[PDB]
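Participant: Would you mind keeping the following structure in view while I ask a few things?
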Amino acid sequence: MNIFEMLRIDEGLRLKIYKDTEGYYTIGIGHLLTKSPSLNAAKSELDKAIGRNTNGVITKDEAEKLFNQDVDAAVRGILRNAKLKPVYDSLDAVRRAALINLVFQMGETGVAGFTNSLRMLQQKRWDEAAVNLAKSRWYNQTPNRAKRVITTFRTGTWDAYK
Ligand SMILES: [Cl-]
Ligand SMILES: [Cl-]
């Protein structure tokens with residue numbers, strides 16, 4: 001297991017624009033296209049993303065290319081973030097994957113705001129950090145995925161995901 005297989009299990013793959021859990025226009029492997037309500041704003045952002053007129057539909061290769069760029073930006077973002085970088089630096093390889101996952105889903109800014117959980121992760125207080133993470137809109141809105149990520153932080157293994 002690795003970051004790509006973990007996020008592919010969490011986000012799925014869809015080759016047609018769809019709406020995410022929040023109701024946003026998305027495509028492929030959790031690639032958010034726009035928060036606007038217009039389907040055309042979404043098709044325009046899609047075509048700009050892919051470099052071709054897509055009519056709202058892309059191929060598996062194209063999905064995978066967006067996914068690759070998105071994991072990359074997620075990682076880079078963490079490393080540039082003054083609040084995230086130190087936490088990342090302090091963790092082991094599995095838990096690093098978990099942070100990435102949380103950053104992919106909710107963006108650097110949000111994650112950065114989880115002040116208390118971040119400090120707890122940094123100190124290596126696993127159980128406490130898992131409890132704290134659960135007291136969030138995040139966990140209440142997408143509880144199964146959140147429990148998987150949380151277990152990943154708690155354990156340091158990939159158990160939540162075999
Ligand atoms: Cl893009
Ligand atoms: Cl869920």
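Each residue of the sequence shown is one higher than the one before, counting from 1 in the deposited numbering.
We treat Cβ as the ideally placed atom computed from N, Cα and C, and that holds for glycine.
#1: Relative to ligand 2, is the shortest distance from any of its heavy atoms to the C-beta of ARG145 smaller than 7 Å?
#2: Pop quiz: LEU33 and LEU13 are said to be a contact at Cβ under 8 Å. What is the actual Cβ separation, rounded to whole angstroms?
#3: What is the DSSP secondary structure of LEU33, reduced to helix, strand or coil?
#4: Please state whether the Cβ-Cβ distance between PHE104 and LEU39 is less than 8 Å.
#5: Using DSSP with H/G/I as helix, E/B as strand and the rest coil, what is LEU133?
#6: Would you say the segment 22 to 33 touches the segment 55 to 70, given that touching needs at least three Cβ pairs under 8 Å?
#7: Considering only heavy atoms of ligand 1, does any lie closer than 7 Å to the CB of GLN69?
#8: Are the CB atoms of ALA112 and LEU84 within a distance shorter than 8 Å?
#9: Beta carbon of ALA49: closer than 7 Å to some heavy atom of ligand 1?
#10: Apply the 10 Å Cβ neighbour rule to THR115 and answer buried if 16 or more other Cβ atoms are within range, or exposed otherwise.
#11: May I ask whether a heavy atom of ligand 2 can be found less than 7 Å away from the beta carbon of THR142?
#12: State the beta-bridge partners of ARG119 as determined by DSSP.
#13: Please go through the same chain and pick out, in chain order, the residues whose beta-carbon is closer than 6 Å to the beta-carbon of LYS43, but skip the five residues on each side of it.
#14: Are the beta-carbon atoms belonging to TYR88 and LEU79 less than 8 Å from one another?
#15: Can you tell me where the alpha helix (DSSP H) with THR142 in it begins and where it stops?
#16: Which of helix, strand or coil does DSSP assign to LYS19?
#17: Closest by CA to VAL75, which one among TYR161, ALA98, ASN132?
Facilitator: Taking the structure as given:
#1: yes
#2: Not really, about 15 Å apart at Cβ, beyond 8 Å.
#3: strand
#4: no
#5: helix
#6: yes
#7: yes
#8: yes
#9: yes
#10: exposed
#11: yes
#12: In the DSSP output, where bridge partners are listed per residue, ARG119 has none listed.
#13: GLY56
#14: yes
#15: That residue, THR142, is in no alpha helix (DSSP H); it is neither H nor E in DSSP.
#16: strand
#17: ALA98
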